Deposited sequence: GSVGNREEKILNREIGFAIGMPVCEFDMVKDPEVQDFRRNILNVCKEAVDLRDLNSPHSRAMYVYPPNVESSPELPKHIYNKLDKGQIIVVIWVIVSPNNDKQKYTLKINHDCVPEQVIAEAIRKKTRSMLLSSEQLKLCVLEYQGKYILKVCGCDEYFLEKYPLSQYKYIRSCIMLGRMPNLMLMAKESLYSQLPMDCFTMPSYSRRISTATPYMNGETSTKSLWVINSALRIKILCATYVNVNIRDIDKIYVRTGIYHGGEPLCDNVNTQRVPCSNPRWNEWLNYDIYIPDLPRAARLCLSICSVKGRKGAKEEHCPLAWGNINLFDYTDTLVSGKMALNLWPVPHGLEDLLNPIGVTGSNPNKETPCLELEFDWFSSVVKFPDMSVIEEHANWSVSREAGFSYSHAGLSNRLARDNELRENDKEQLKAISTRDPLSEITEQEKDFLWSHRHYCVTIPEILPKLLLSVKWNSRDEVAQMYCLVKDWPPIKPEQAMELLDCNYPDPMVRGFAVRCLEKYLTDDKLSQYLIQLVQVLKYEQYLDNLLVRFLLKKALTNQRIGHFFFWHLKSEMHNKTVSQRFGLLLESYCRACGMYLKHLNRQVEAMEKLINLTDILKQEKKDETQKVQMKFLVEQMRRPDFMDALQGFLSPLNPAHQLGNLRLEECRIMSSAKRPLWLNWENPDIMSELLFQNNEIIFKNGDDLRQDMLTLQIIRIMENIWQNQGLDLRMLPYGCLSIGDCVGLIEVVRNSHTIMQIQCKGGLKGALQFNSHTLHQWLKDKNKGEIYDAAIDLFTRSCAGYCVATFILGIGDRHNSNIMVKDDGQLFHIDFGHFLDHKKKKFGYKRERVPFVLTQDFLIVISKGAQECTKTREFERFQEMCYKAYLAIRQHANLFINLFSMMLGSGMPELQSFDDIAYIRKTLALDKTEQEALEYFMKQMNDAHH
């Protein structure tokens, strides 16, 4: 019954569900019950047009955001038509019959199926089209070229191989749903005319010269008043008085505490932050016990205002007891109507052009005090340039309820903005729940499932910035994960991979419980993925701890011996790939598995593809399992590279990049996708500057030589511009790879935000004066055009990095690290001045 489901949920999260039942925090138990509404809404969407809607949840169409094909992709077609191969399995003997078609690139799946039926019968709608070799279906009326698989075949010049499948054969393999409910289911702040005061009672569990408590009232990372310290001494029993009146406290105000140690040398020993208002909008009052957190490396200040809000779950840590005033009644933050009343009671063409100039500045551009006052005075004209909302929100004095009431009214009527601009309002700079709610509404209105999958790692990270467990953002993400299994799969893994981090364990564990309770039979597939990953984690841990010093041959004897055990073989075969759940990982080809001699000794694993038409895609799936490397920098880099490639493709610049798959599975463990038929530059050379070009010529003889040199040039141009803008380091010949067809790509992105002679000879087709050929001038023009196209999209890139500021990545800890892109992109210069800077760097 439910005891079975709770056991399976526990195995998926890596935490027994009864641990959440034991938590007495009312916010936790209210979240567990209230999130079930989102679960029921999603389950209802899945049964609305059953069984078609159930099939589209499990197998959502993998399409691009727009049906429009860029001019250079349309040119690859034959008079706007594509040649596709439709296969039909005609049992007995499982015989494969192919029928080749030449149809319009925008033909919907049913038109393609009808043309195949016509060609077959020359010797109605109870069929569906599947991609040969993987579990990807064409279940929706999109034009064929919009499907990522088809669009990928047009570019690349490959032939689409689709399979005509009986609609009944798919629907019968979909499970029967249940999603049954679990067993676990005043005065106004503005009338308190006193300044804020908080009593610091005593600190337990605090085993140099003296100790004191450092405190501050903050809104985001910005202090609303000066910091106040207790006396150096531990019992203080002292009331701390702040230079801020209670009615001027914004809704997202937080108390940031610290226990510091003392030409005096100061150092934080522990920190803790408390929301001044709880999840029910009640101002905190009475006694409270805050368990503090250890100081994170590289703090550079006495307080941590960006850090997680709430008491440390480990109650055997420094515990600071605090007392808040009680004003005889429960104090609440005023209703929207009350705020509206106070906002009302609070009240040139050269100026319109000055607002337009400020509006075009990037998120990290400095806005002077004169400019902040200028923007705020024209706050009413600003509703006509909606892209200026983030700049106007920074101009508001958040410690003044008169300005904040007026800002709330402007936000309540603000025109919707594009998702990439609404995402800037979801970083740590904008804590206000009305600002954050506006941003989420822009995402619900305009974010496609495609763009949501693309920006999933920033949206899962910005969940950590929410003040409360139940919020608009988490409800949006969970609804999208519970209505699109491809989004849900990555949503599950992005959360699970952070369960080891205790500052987020509770939030992410509760969110994972809701997801597992409502995802349906996919939980059984997720448990197989989790079980295979645990066997690999334990195995690689035994290798890196016990058999660490033994030889590679002795380690391989142990790996084969461990992997041949029944328990291990069953766990490592017949499960979906966490890198791409559309790929089934059948039988382990142990003869092809090897312990690599690369850093941290990763495992190169090879599994058969059990698809009946595996030969039309890939017969074997090769994945690297790594233990010891933080795959988060690689994830972020590969996401940026994919975004840069789309910016170039859509602007008509055909620069082909290779953002191979890379999923973090937990604490410094992950999977990396093996790009088939690839070799490092060092391998090509060790099997002189003219060696590389010679290897490419031996592999590509004839007309296919021109294609390989062109592809090499384009891919090389994209990676020179990308590595430049991002400041990617350690670009030696073992981190740069090349494919049989000339495609160049980089690997291992351990360094970010800080052209060999062999490539120039390949680009110039063999010439000795390579830097003087016309091919080098054409390659140089590609770089300049690629550089300027990305510079036009700088606000997107600055925002995608800014959302990663609180991930804990050593390379991105502050806005000074993101400022590296402001220098390479030369955002403080003109388009002509930036191109000349880039040209000087290239020359």
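- Stretches of the deposited sequence left without coordinates are 1-6, 130-144, 207-221, 244-248, 275-278, 308-313, 399-421, 762-770, 838-853, 943-946, in sequence order.
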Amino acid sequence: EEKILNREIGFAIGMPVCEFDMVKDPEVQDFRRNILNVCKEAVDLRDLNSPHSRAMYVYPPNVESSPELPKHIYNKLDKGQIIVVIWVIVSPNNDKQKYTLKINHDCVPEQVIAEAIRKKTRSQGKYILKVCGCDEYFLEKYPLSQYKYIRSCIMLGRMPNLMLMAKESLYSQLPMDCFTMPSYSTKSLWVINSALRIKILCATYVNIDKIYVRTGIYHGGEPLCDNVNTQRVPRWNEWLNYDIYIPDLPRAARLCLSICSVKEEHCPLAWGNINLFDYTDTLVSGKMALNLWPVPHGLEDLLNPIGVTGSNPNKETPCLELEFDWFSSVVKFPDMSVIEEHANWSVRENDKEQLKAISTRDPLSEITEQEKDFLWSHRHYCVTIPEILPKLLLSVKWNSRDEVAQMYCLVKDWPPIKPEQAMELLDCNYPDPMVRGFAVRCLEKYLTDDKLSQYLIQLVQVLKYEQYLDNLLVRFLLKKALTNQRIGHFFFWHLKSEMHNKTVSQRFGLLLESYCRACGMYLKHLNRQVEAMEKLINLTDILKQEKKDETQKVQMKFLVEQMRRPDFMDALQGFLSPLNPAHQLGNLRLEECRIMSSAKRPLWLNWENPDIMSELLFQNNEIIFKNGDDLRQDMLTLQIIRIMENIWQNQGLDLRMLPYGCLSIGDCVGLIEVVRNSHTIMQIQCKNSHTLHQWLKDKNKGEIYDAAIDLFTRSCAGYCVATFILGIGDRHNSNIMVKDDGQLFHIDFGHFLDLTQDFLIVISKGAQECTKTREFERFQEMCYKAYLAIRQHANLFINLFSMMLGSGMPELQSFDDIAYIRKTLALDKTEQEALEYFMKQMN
From here on, numbers count along this sequence of modelled residues.
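Take the two forms, superpose them, and find the largest set of C-alpha atoms that agree within 1.5 Å; that set is the rigid core.
- Averaged over structures and residues, the CA distance from the shown form in 7 other deposited structures of this protein after a core fit is larger for 560-568, of the two stretches 560-568 and 106-114.
- Where the structures in 7 other deposited structures of this protein are fitted on the rigid core, 805-813 is the one of 25-33 and 805-813 whose C-alphas sit farther from the shown form on average.
- Compared with other entries of the same protein, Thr186 falls in the group left without coordinates by at least a third of them, where both flanks are modelled.
- For the cut-off of one third of the other compared entries, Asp209 qualifies: that many or more give it no coordinates while modelling its flanks.
- Comparing the deposited coordinates for 192-200 and 569-577, the stretch with the larger average C-alpha B-factor is 192-200.
- In this entry, 366-374 has the higher mean Cα B-factor, the comparison being between 508-516 and 366-374.
- For the set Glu673, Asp470, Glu238, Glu136, the maximum C-alpha B-factor listed in the entry falls on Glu238.
- The PDB entry assigns its highest CA temperature factor, among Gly272, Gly586, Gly766, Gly661, to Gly766.
- Among all modelled residues in its chain, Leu48 ranks in the middle third by Cα B-factor.
- In the PDB entry, a CA B factor belonging to the highest third of its chain's modelled residues is recorded for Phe815.
- Ranked by C-alpha B-factor against the other modelled residues of its chain, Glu41 falls in the lowest third.
- The deposited CA B-factor of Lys79 belongs to the highest third of values across its chain.
- Per the PDB record, residue ranking by Cα B-factor puts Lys785 in the middle third of the chain.
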